[PDB]
$ cat coords-v4.cif   # mmCIF, C-alpha atoms and all ligand atoms
data_upload
loop_
_atom_site.label_atom_id
_atom_site.label_comp_id
_atom_site.auth_asym_id
_atom_site.auth_seq_id
_atom_site.Cartn_x
_atom_site.Cartn_y
_atom_site.Cartn_z
CA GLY A 2 155.20 69.92 172.00
CA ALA A 3 153.56 69.60 168.59
CA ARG A 4 153.21 73.39 168.44
CA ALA A 5 156.94 73.57 167.65
CA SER A 6 156.22 72.50 164.07
CA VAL A 7 153.42 75.07 163.59
CA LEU A 8 155.18 78.21 164.81
CA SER A 9 153.67 81.54 163.81
CA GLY A 10 155.73 82.78 160.89
CA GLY A 11 157.08 79.29 160.26
CA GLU A 12 156.85 77.29 157.04
CA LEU A 13 153.49 75.62 157.59
CA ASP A 14 151.96 78.89 158.86
CA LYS A 15 153.28 80.66 155.74
CA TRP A 16 152.16 77.85 153.40
CA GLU A 17 148.57 78.07 154.65
CA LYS A 18 148.41 81.87 154.03
CA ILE A 19 149.44 81.64 150.35
CA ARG A 20 146.57 81.93 147.85
CA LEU A 21 146.05 79.45 145.00
CA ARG A 22 144.97 82.21 142.49
CA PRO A 23 146.59 85.65 142.29
CA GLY A 24 143.29 87.33 143.18
CA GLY A 25 141.47 84.49 144.94
CA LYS A 26 140.05 83.34 148.26
CA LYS A 27 141.23 79.73 148.61
CA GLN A 28 144.65 78.98 150.09
CA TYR A 29 147.19 76.17 150.15
CA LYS A 30 146.40 73.42 152.70
CA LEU A 31 148.04 70.22 153.95
CA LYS A 32 146.21 68.22 151.26
CA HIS A 33 148.20 70.04 148.55
CA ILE A 34 151.49 68.82 150.07
CA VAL A 35 150.06 65.29 150.38
CA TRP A 36 148.96 65.42 146.75
CA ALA A 37 152.32 66.77 145.53
CA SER A 38 153.96 63.89 147.41
CA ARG A 39 151.82 61.23 145.71
CA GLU A 40 152.46 62.82 142.32
CA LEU A 41 156.25 62.66 142.67
CA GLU A 42 156.04 58.96 143.53
CA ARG A 43 153.91 58.33 140.44
CA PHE A 44 156.69 60.08 138.52
CA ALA A 45 159.31 57.88 140.26
CA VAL A 46 160.73 60.97 141.99
CA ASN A 47 161.80 60.91 145.64
CA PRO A 48 159.05 62.79 147.56
CA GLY A 49 161.61 63.63 150.28
CA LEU A 50 163.01 66.31 147.98
CA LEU A 51 159.94 68.44 148.86
CA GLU A 52 161.53 69.05 152.25
CA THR A 53 164.30 71.40 151.13
CA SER A 54 165.02 74.34 148.88
CA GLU A 55 167.63 72.31 147.03
CA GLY A 56 165.31 69.35 146.56
CA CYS A 57 162.49 71.53 145.24
CA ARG A 58 164.97 73.21 142.92
CA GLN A 59 166.07 69.83 141.49
CA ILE A 60 162.47 68.67 141.04
CA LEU A 61 161.59 71.86 139.18
CA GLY A 62 164.60 71.23 136.96
CA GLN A 63 163.43 67.67 136.19
CA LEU A 64 159.90 68.86 135.34
CA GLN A 65 160.63 72.04 133.37
CA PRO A 66 161.18 70.38 129.92
CA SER A 67 157.82 68.63 130.33
CA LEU A 68 155.89 71.83 131.15
CA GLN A 69 155.15 72.99 127.61
CA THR A 70 153.39 69.78 126.53
CA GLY A 71 152.35 68.86 130.06
CA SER A 72 148.87 68.02 131.26
CA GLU A 73 147.05 70.11 133.87
CA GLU A 74 148.18 67.63 136.52
CA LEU A 75 151.79 68.28 135.53
CA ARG A 76 151.43 72.07 135.52
CA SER A 77 149.66 72.00 138.89
CA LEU A 78 152.49 69.88 140.34
CA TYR A 79 155.10 72.32 139.04
CA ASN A 80 153.17 75.31 140.41
CA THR A 81 152.83 73.69 143.86
CA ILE A 82 156.53 72.87 144.14
CA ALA A 83 157.41 76.42 142.99
CA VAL A 84 155.43 77.73 145.97
CA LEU A 85 157.12 75.22 148.31
CA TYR A 86 160.49 76.34 146.98
CA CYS A 87 159.63 79.95 147.87
CA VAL A 88 158.51 78.97 151.38
CA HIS A 89 161.75 77.07 152.01
CA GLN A 90 163.71 80.06 150.68
CA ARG A 91 161.73 82.35 152.95
CA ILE A 92 160.59 84.40 150.03
CA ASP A 93 157.40 86.14 150.94
CA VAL A 94 155.09 85.38 148.00
CA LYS A 95 151.34 86.02 148.31
CA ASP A 96 150.11 83.59 145.66
CA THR A 97 151.08 80.97 143.11
CA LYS A 98 151.70 83.61 140.46
CA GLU A 99 154.30 85.44 142.54
CA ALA A 100 156.07 82.15 143.24
CA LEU A 101 156.32 81.47 139.52
CA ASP A 102 157.54 85.02 138.96
CA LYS A 103 160.28 84.54 141.57
CA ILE A 104 161.40 81.12 140.28
CA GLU A 105 161.83 82.22 136.67
CA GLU A 106 163.35 85.48 137.92
CA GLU A 107 165.91 83.42 139.85
CA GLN A 108 166.76 81.38 136.74
CA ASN A 109 168.21 84.56 135.23
CA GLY B 2 164.83 19.04 129.00
CA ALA B 3 164.05 22.03 131.21
CA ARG B 4 167.40 21.57 132.95
CA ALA B 5 169.07 23.11 129.88
CA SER B 6 167.96 26.56 131.03
CA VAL B 7 169.26 26.07 134.60
CA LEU B 8 172.77 24.82 133.88
CA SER B 9 175.29 25.00 136.72
CA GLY B 10 177.37 28.09 136.07
CA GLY B 11 174.72 29.48 133.73
CA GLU B 12 172.94 32.82 134.00
CA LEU B 13 170.06 31.80 136.26
CA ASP B 14 172.41 29.79 138.51
CA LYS B 15 174.70 32.84 138.77
CA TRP B 16 171.79 35.26 139.33
CA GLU B 17 170.53 33.26 142.30
CA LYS B 18 173.98 33.28 144.00
CA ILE B 19 174.35 37.10 143.92
CA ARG B 20 173.61 38.85 147.23
CA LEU B 21 171.25 41.84 147.50
CA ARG B 22 173.48 43.65 150.11
CA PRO B 23 177.29 43.71 149.99
CA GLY B 24 177.50 41.91 153.33
CA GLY B 25 174.09 40.22 153.46
CA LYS B 26 172.32 36.86 153.48
CA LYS B 27 169.45 37.28 151.00
CA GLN B 28 170.04 36.69 147.29
CA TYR B 29 168.45 37.57 143.97
CA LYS B 30 165.50 35.32 143.02
CA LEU B 31 163.13 34.91 140.06
CA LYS B 32 160.71 37.40 141.63
CA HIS B 33 163.29 40.19 141.21
CA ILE B 34 163.38 39.60 137.43
CA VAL B 35 159.57 39.49 137.33
CA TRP B 36 159.43 42.74 139.27
CA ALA B 37 162.03 44.45 137.08
CA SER B 38 159.94 43.39 134.07
CA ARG B 39 156.74 44.95 135.43
CA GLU B 40 158.61 48.14 136.30
CA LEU B 41 159.93 48.64 132.76
CA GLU B 42 156.41 48.27 131.37
CA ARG B 43 155.14 50.90 133.82
CA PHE B 44 157.92 53.10 132.46
CA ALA B 45 156.85 52.29 128.87
CA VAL B 46 160.17 50.49 128.30
CA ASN B 47 160.36 47.20 126.40
CA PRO B 48 160.92 44.49 129.07
CA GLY B 49 162.57 42.29 126.41
CA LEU B 50 165.68 44.44 126.72
CA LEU B 51 166.41 42.63 130.04
CA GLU B 52 167.43 39.61 127.99
CA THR B 53 170.72 40.96 126.65
CA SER B 54 173.81 42.88 127.66
CA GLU B 55 173.05 45.51 125.04
CA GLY B 56 169.44 45.88 126.14
CA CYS B 57 170.40 46.25 129.80
CA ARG B 58 173.04 48.78 128.79
CA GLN B 59 170.42 50.88 126.92
CA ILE B 60 167.96 50.70 129.82
CA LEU B 61 170.63 51.86 132.26
CA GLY B 62 171.34 54.75 129.89
CA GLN B 63 167.65 55.74 129.82
CA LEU B 64 167.39 55.63 133.63
CA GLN B 65 170.70 57.25 134.64
CA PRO B 66 169.55 60.94 134.41
CA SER B 67 166.60 60.07 136.67
CA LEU B 68 168.75 58.41 139.37
CA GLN B 69 169.69 61.51 141.34
CA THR B 70 166.10 62.62 142.01
CA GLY B 71 164.69 59.12 141.71
CA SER B 72 162.49 57.34 144.22
CA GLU B 73 163.58 54.13 145.95
CA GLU B 74 161.62 52.16 143.36
CA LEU B 75 163.67 53.79 140.63
CA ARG B 76 167.02 53.20 142.34
CA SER B 77 166.11 49.57 143.06
CA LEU B 78 165.20 49.07 139.38
CA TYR B 79 168.53 50.54 138.27
CA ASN B 80 170.45 48.39 140.75
CA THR B 81 168.67 45.21 139.59
CA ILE B 82 169.36 45.85 135.91
CA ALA B 83 173.02 46.65 136.72
CA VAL B 84 173.31 43.16 138.23
CA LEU B 85 171.56 41.61 135.20
CA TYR B 86 173.96 43.46 132.93
CA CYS B 87 176.90 41.91 134.81
CA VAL B 88 175.40 38.41 134.56
CA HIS B 89 174.89 38.76 130.80
CA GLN B 90 178.47 40.05 130.49
CA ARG B 91 179.69 37.11 132.53
CA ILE B 92 181.26 39.40 135.04
CA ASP B 93 181.57 37.60 138.32
CA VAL B 94 180.10 40.05 140.84
CA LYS B 95 179.21 38.86 144.35
CA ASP B 96 176.62 41.50 145.23
CA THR B 97 174.71 44.54 144.03
CA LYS B 98 177.50 46.86 145.12
CA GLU B 99 180.11 45.15 142.94
CA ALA B 100 177.74 45.31 139.97
CA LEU B 101 177.39 49.06 140.44
CA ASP B 102 181.15 49.37 140.79
CA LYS B 103 181.66 47.50 137.51
CA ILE B 104 179.03 49.47 135.56
CA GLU B 105 180.37 52.89 136.49
CA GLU B 106 183.90 51.55 136.02
CA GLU B 107 182.92 50.52 132.49
CA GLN B 108 181.53 53.99 131.76
CA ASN B 109 185.08 55.33 132.01
CA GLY C 2 123.85 69.80 112.43
CA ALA C 3 126.19 67.08 113.68
CA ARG C 4 126.99 66.18 110.07
CA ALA C 5 129.20 69.29 109.92
CA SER C 6 131.89 67.45 111.89
CA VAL C 7 131.78 64.35 109.65
CA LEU C 8 132.05 65.98 106.23
CA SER C 9 133.06 63.75 103.33
CA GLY C 10 136.75 64.39 102.77
CA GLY C 11 137.09 65.89 106.25
CA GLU C 12 139.46 64.77 109.00
CA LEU C 13 137.29 62.12 110.63
CA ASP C 14 136.25 60.73 107.22
CA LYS C 15 139.94 60.54 106.23
CA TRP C 16 141.00 59.04 109.59
CA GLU C 17 138.52 56.17 109.23
CA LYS C 18 139.82 55.26 105.73
CA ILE C 19 143.47 54.88 106.82
CA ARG C 20 144.64 51.29 107.30
CA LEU C 21 146.46 50.10 110.44
CA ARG C 22 148.87 47.80 108.46
CA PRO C 23 150.42 48.73 105.11
CA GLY C 24 148.70 45.79 103.41
CA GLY C 25 145.80 45.17 105.80
CA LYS C 26 142.02 45.25 106.14
CA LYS C 27 141.40 46.97 109.49
CA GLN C 28 141.26 50.76 109.68
CA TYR C 29 141.60 53.51 112.26
CA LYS C 30 138.41 54.11 114.31
CA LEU C 31 137.25 56.52 117.02
CA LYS C 32 138.52 54.14 119.71
CA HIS C 33 142.11 54.71 118.54
CA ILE C 34 141.78 58.46 119.19
CA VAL C 35 140.19 57.76 122.59
CA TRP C 36 143.03 55.39 123.43
CA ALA C 37 145.72 57.83 122.27
CA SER C 38 144.07 60.44 124.51
CA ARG C 39 144.18 58.22 127.61
CA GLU C 40 147.81 57.33 126.90
CA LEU C 41 148.95 60.97 126.79
CA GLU C 42 147.30 61.61 130.16
CA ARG C 43 149.10 58.60 131.64
CA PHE C 44 152.27 60.20 130.30
CA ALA C 45 151.28 63.56 131.87
CA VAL C 46 150.95 65.07 128.38
CA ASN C 47 148.09 67.41 127.47
CA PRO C 48 145.70 65.33 125.30
CA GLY C 49 144.44 68.56 123.68
CA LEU C 50 147.62 68.63 121.61
CA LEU C 51 146.09 65.83 119.47
CA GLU C 52 143.81 68.45 117.95
CA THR C 53 146.40 70.26 115.84
CA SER C 54 149.33 69.68 113.53
CA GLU C 55 151.58 71.68 115.84
CA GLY C 56 150.45 69.79 118.93
CA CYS C 57 150.99 66.41 117.28
CA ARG C 58 154.40 67.60 116.12
CA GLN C 59 155.39 68.55 119.70
CA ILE C 60 154.13 65.24 121.10
CA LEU C 61 156.13 63.30 118.53
CA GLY C 62 159.16 65.33 119.56
CA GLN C 63 158.63 64.47 123.24
CA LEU C 64 158.26 60.75 122.47
CA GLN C 65 161.00 60.25 119.86
CA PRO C 66 163.94 59.71 122.30
CA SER C 67 161.88 57.02 124.05
CA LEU C 68 161.08 55.10 120.84
CA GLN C 69 164.20 52.96 120.65
CA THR C 70 163.79 51.39 124.10
CA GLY C 71 160.03 51.87 124.15
CA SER C 72 157.41 49.22 124.82
CA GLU C 73 154.81 48.23 122.23
CA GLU C 74 152.35 50.59 123.91
CA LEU C 75 154.79 53.45 123.36
CA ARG C 76 155.47 52.59 119.71
CA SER C 77 151.74 52.21 119.01
CA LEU C 78 151.10 55.64 120.57
CA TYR C 79 153.81 57.22 118.41
CA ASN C 80 152.47 55.54 115.27
CA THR C 81 148.90 56.72 115.99
CA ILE C 82 149.93 60.34 116.53
CA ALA C 83 152.06 60.22 113.35
CA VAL C 84 148.90 59.32 111.43
CA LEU C 85 146.93 62.09 113.18
CA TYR C 86 149.68 64.54 112.28
CA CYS C 87 149.32 63.56 108.61
CA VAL C 88 145.53 63.97 108.73
CA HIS C 89 145.83 67.45 110.25
CA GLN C 90 148.43 68.34 107.61
CA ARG C 91 146.11 67.04 104.91
CA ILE C 92 148.72 64.63 103.72
CA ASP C 93 147.02 61.78 101.96
CA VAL C 94 148.58 58.68 103.54
CA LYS C 95 146.98 55.27 103.01
CA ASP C 96 148.35 53.49 106.09
CA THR C 97 150.45 53.82 109.21
CA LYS C 98 153.63 53.03 107.30
CA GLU C 99 153.17 55.94 104.89
CA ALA C 100 152.54 58.28 107.81
CA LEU C 101 155.82 57.23 109.39
CA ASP C 102 157.57 57.65 106.05
CA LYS C 103 156.19 61.20 105.73
CA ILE C 104 157.06 62.23 109.30
CA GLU C 105 160.69 61.15 109.14
CA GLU C 106 160.87 62.54 105.59
CA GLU C 107 159.70 65.89 106.98
CA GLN C 108 162.38 65.81 109.69
CA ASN C 109 164.98 66.14 106.94
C1 LIG D 201 152.93 70.58 172.81
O1 LIG D 201 153.12 71.68 172.41
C2 LIG D 201 151.62 70.20 173.49
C3 LIG D 201 150.57 71.30 173.38
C4 LIG D 201 149.18 70.71 173.17
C5 LIG D 201 148.97 70.26 171.73
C6 LIG D 201 147.52 70.39 171.29
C7 LIG D 201 147.31 69.97 169.83
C8 LIG D 201 146.14 69.00 169.68
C9 LIG D 201 145.71 68.82 168.23
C10 LIG D 201 144.44 67.98 168.14
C11 LIG D 201 144.44 67.12 166.88
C12 LIG D 201 143.94 67.93 165.70
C13 LIG D 201 142.76 67.24 165.03
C14 LIG D 201 142.13 68.09 163.93
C1 LIG D 202 164.51 17.68 131.06
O1 LIG D 202 165.61 17.95 131.40
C2 LIG D 202 163.61 16.79 131.93
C3 LIG D 202 164.21 16.52 133.30
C4 LIG D 202 163.14 16.51 134.38
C5 LIG D 202 162.72 17.92 134.76
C6 LIG D 202 162.28 18.02 136.22
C7 LIG D 202 161.88 19.44 136.62
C8 LIG D 202 160.55 19.47 137.35
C9 LIG D 202 160.28 20.80 138.03
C10 LIG D 202 159.01 20.74 138.88
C11 LIG D 202 158.28 22.07 138.88
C12 LIG D 202 158.88 23.00 139.93
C13 LIG D 202 157.82 23.49 140.89
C14 LIG D 202 158.41 24.30 142.04
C1 LIG D 203 122.37 67.93 111.70
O1 LIG D 203 123.04 67.80 110.73
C2 LIG D 203 121.17 67.03 111.96
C3 LIG D 203 121.09 65.86 110.97
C4 LIG D 203 120.61 64.59 111.65
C5 LIG D 203 121.72 63.93 112.46
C6 LIG D 203 121.57 62.42 112.52
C7 LIG D 203 122.70 61.75 113.30
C8 LIG D 203 122.17 60.75 114.32
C9 LIG D 203 123.26 59.84 114.88
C10 LIG D 203 122.67 58.76 115.78
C11 LIG D 203 123.61 58.42 116.93
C12 LIG D 203 124.64 57.41 116.47
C13 LIG D 203 124.63 56.18 117.36
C14 LIG D 203 125.56 55.08 116.84
#
$ encode --input "coords-v4.cif" --output "structure tokens" --more "lines below"
Ligand SMILES: *C(=O)CCCCCCCCCCCCC
Ligand SMILES: *C(=O)CCCCCCCCCCCCC
Ligand SMILES: *C(=O)CCCCCCCCCCCCC
Amino acid sequence: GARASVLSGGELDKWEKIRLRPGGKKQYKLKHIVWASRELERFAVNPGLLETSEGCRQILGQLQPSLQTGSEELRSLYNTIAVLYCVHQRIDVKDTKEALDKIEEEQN
Amino acid sequence: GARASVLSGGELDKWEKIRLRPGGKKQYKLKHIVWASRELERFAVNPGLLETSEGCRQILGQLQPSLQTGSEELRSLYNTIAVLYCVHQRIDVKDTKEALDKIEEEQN
Amino acid sequence: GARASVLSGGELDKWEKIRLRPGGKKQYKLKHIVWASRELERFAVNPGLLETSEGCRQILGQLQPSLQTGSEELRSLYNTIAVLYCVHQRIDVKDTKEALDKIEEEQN
């Protein structure tokens, strides 16, 4: 029955097709979700917000003022959650860069 | 002479009568103060502010914007300091829930 | 060729003449820069901003709202970056206190 959570065309299937770099080989994996989860706890943010569009949207709001001075860890976290937001919104992005384009396009 | 800091009806005596849950058995102990202290240091906040009404009020102000997305650790910290604020204000709350009621009632 | 980075009258030479306390003996050393660097990473702030006037200015902006409730670690970090800002600006401060005077004087 496990196969119900890994349906073709579903969120996890989509996640694992998205490329890290706009013109790159490597793709998002389960370990990127696990890592994003740990990071939010270190930042005293509820990791359960990763599960929904609205939760990802609120996280991205919390993190946005910190982006400009933020370390690489912080920018990577923001980029990862932007991709998760697109997956939950069923927006068909091919890479991290398109996810960022969509998010800042939405904020307009 | 130690008994001067644990006077009947004093702050520590009151602290240790307050219940964690509105309808629960367990009560606040010294270890909850110790834990709140460690947490504020992790957040780069002066733990000495726990000693006064005004310091607890300023901490609660710093933490309030983080509550909505905050982890359980963060909410627990806020709840604990809300109870400490009530003790320092000599407001006779019976549990964490009444402390929260009083704090947000005061902010009106 | 290493001597090109430790020119007399240059930034590192100036740094290591500045006194920690307004009327004190001890002076800023390399370990204070190393420590400030680690601290910014713990705060998810890009340590590379320590390298420029503008980066130090942005860090000080990020940290300023946290100063009033901040722990000693936080105040020490702010004080150290204020001195670095003065060195990068070629402002000839003799101690931490003069650096703080200059920074808040500039913000007027
Ligand atoms: C419900 O749909 C049952 C179908 C059979 C599920 C098989 C999945 C087994 C996965 C093995 C563990 C993976 C270890 C890498
Ligand atoms: C001043 O008021 C002196 C009165 C005697 C103080 C007795 C307190 C002793 C506490 C023992 C340590 C507690 C260990 C759990
Ligand atoms: C370029 O200017 C070459 C001049 C010679 C450089 C000598 C510096 C050596 C430093 C020794 C390491 C310091 C260990 C405490």
$ residues_around --input "coords-v4.cif" --residues "residue A:96" --least-positions-apart "5" --cutoff "7 Å" --atoms "all atoms listed in the file" --output "list in words"
residues 19, 20, 21, 22 and 23 of chain A
$ residues_near_ligand --input "coords-v4.cif" --ligand "ligand LIG 202 (chain D)" --cutoff "7 Å" --atoms "only C-alpha atoms and all ligand atoms" --output "ChimeraX atom specification"
/B:2-5
$ axis_aligned_box --input "coords-v4.cif" --around "ligand LIG 201 (chain D)" --padding-each-side "3 Å" --output "AutoDock Vina command-line options"
--center_x 147.6 --center_y 69.4 --center_z 168.7 --size_x 17.0 --size_y 10.6 --size_z 15.6
$ atom_distance --input "coords-v4.cif" --atom1 "atom CA of residue B:28" --atom2 "atom CA of residue B:16"
8.3 Å
$ atom_distance --input "coords-v4.cif" --atom1 "atom CA of residue A:97" --atom2 "atom CA of residue C:55"
28.8 Å
$ interface_residues --input "coords-v4.cif" --of "chain A" --to "chain B" --cutoff "7 Å" --atoms "all atoms listed in the file" --output "number ranges by chain"
A: 42, 45-47
$ atom_distance --input "coords-v4.cif" --atom1 "atom CA of residue A:95" --atom2 "atom CA of residue A:83"
12.5 Å
$ build_atoms --input "coords-v4.cif" --residues "stretch 87-109 of chain B" --atoms "N, CA, C and O atoms" --output "mmCIF file, keeping the file's coordinate frame"
data_model
loop_
_atom_site.group_PDB
_atom_site.id
_atom_site.type_symbol
_atom_site.label_atom_id
_atom_site.label_comp_id
_atom_site.auth_asym_id
_atom_site.auth_seq_id
_atom_site.Cartn_x
_atom_site.Cartn_y
_atom_site.Cartn_z
ATOM 1 N N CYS B 87 175.671 42.626 134.472
ATOM 2 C CA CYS B 87 176.900 41.910 134.810
ATOM 3 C C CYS B 87 176.762 40.420 134.531
ATOM 4 O O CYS B 87 177.717 39.784 134.061
ATOM 5 N N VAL B 88 175.591 39.839 134.832
ATOM 6 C CA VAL B 88 175.400 38.410 134.560
ATOM 7 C C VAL B 88 175.507 38.159 133.058
ATOM 8 O O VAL B 88 176.237 37.267 132.614
ATOM 9 N N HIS B 89 174.844 38.991 132.245
ATOM 10 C CA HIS B 89 174.890 38.760 130.800
ATOM 11 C C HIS B 89 176.299 38.953 130.262
ATOM 12 O O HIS B 89 176.661 38.329 129.268
ATOM 13 N N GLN B 90 177.078 39.845 130.867
ATOM 14 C CA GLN B 90 178.470 40.050 130.490
ATOM 15 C C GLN B 90 179.401 39.020 131.088
ATOM 16 O O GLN B 90 180.599 39.086 130.824
ATOM 17 N N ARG B 91 178.884 38.101 131.870
ATOM 18 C CA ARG B 91 179.690 37.110 132.530
ATOM 19 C C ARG B 91 180.760 37.741 133.390
ATOM 20 O O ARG B 91 181.871 37.295 133.417
ATOM 21 N N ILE B 92 180.399 38.797 134.084
ATOM 22 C CA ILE B 92 181.260 39.400 135.040
ATOM 23 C C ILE B 92 180.861 38.913 136.409
ATOM 24 O O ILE B 92 179.727 39.042 136.812
ATOM 25 N N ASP B 93 181.817 38.343 137.112
ATOM 26 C CA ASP B 93 181.570 37.600 138.320
ATOM 27 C C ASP B 93 181.452 38.428 139.581
ATOM 28 O O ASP B 93 182.282 38.347 140.450
ATOM 29 N N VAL B 94 180.385 39.198 139.683
ATOM 30 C CA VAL B 94 180.100 40.050 140.840
ATOM 31 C C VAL B 94 179.461 39.221 141.949
ATOM 32 O O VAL B 94 178.713 38.274 141.696
ATOM 33 N N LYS B 95 179.766 39.569 143.202
ATOM 34 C CA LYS B 95 179.210 38.860 144.350
ATOM 35 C C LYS B 95 177.988 39.541 144.948
ATOM 36 O O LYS B 95 177.263 38.914 145.728
ATOM 37 N N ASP B 96 177.740 40.802 144.618
ATOM 38 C CA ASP B 96 176.620 41.500 145.230
ATOM 39 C C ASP B 96 176.294 42.718 144.390
ATOM 40 O O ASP B 96 177.046 43.096 143.486
ATOM 41 N N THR B 97 175.168 43.348 144.735
ATOM 42 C CA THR B 97 174.710 44.540 144.030
ATOM 43 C C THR B 97 175.777 45.613 143.975
ATOM 44 O O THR B 97 175.906 46.319 142.965
ATOM 45 N N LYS B 98 176.541 45.771 145.059
ATOM 46 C CA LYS B 98 177.500 46.860 145.120
ATOM 47 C C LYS B 98 178.613 46.666 144.102
ATOM 48 O O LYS B 98 179.091 47.636 143.499
ATOM 49 N N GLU B 99 179.048 45.419 143.908
ATOM 50 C CA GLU B 99 180.110 45.150 142.940
ATOM 51 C C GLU B 99 179.606 45.380 141.527
ATOM 52 O O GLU B 99 180.352 45.861 140.669
ATOM 53 N N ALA B 100 178.336 45.057 141.277
ATOM 54 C CA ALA B 100 177.740 45.310 139.970
ATOM 55 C C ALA B 100 177.752 46.797 139.656
ATOM 56 O O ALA B 100 178.154 47.209 138.561
ATOM 57 N N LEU B 101 177.326 47.619 140.617
ATOM 58 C CA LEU B 101 177.390 49.060 140.440
ATOM 59 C C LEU B 101 178.819 49.526 140.222
ATOM 60 O O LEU B 101 179.081 50.384 139.372
ATOM 61 N N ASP B 102 179.761 48.987 140.995
ATOM 62 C CA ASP B 102 181.150 49.370 140.790
ATOM 63 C C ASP B 102 181.577 49.079 139.355
ATOM 64 O O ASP B 102 182.167 49.934 138.687
ATOM 65 N N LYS B 103 181.255 47.877 138.857
ATOM 66 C CA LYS B 103 181.660 47.500 137.510
ATOM 67 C C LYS B 103 181.023 48.405 136.456
ATOM 68 O O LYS B 103 181.702 48.862 135.531
ATOM 69 N N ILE B 104 179.723 48.684 136.584
ATOM 70 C CA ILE B 104 179.030 49.470 135.560
ATOM 71 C C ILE B 104 179.644 50.857 135.444
ATOM 72 O O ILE B 104 179.985 51.314 134.348
ATOM 73 N N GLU B 105 179.804 51.550 136.567
ATOM 74 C CA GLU B 105 180.370 52.890 136.490
ATOM 75 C C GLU B 105 181.852 52.852 136.157
ATOM 76 O O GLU B 105 182.386 53.818 135.604
ATOM 77 N N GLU B 106 182.530 51.744 136.476
ATOM 78 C CA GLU B 106 183.900 51.550 136.020
ATOM 79 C C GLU B 106 183.957 51.382 134.509
ATOM 80 O O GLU B 106 184.870 51.892 133.850
ATOM 81 N N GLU B 107 182.975 50.681 133.940
ATOM 82 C CA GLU B 107 182.920 50.520 132.490
ATOM 83 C C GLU B 107 182.661 51.846 131.786
ATOM 84 O O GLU B 107 183.188 52.086 130.693
ATOM 85 N N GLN B 108 181.863 52.724 132.394
ATOM 86 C CA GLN B 108 181.530 53.990 131.760
ATOM 87 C C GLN B 108 182.683 54.983 131.834
ATOM 88 O O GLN B 108 182.470 56.199 131.799
ATOM 89 N N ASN B 109 183.907 54.476 131.934
ATOM 90 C CA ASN B 109 185.080 55.330 132.010
ATOM 91 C C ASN B 109 186.133 54.886 130.997
ATOM 92 O O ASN B 109 185.861 54.823 129.799
#
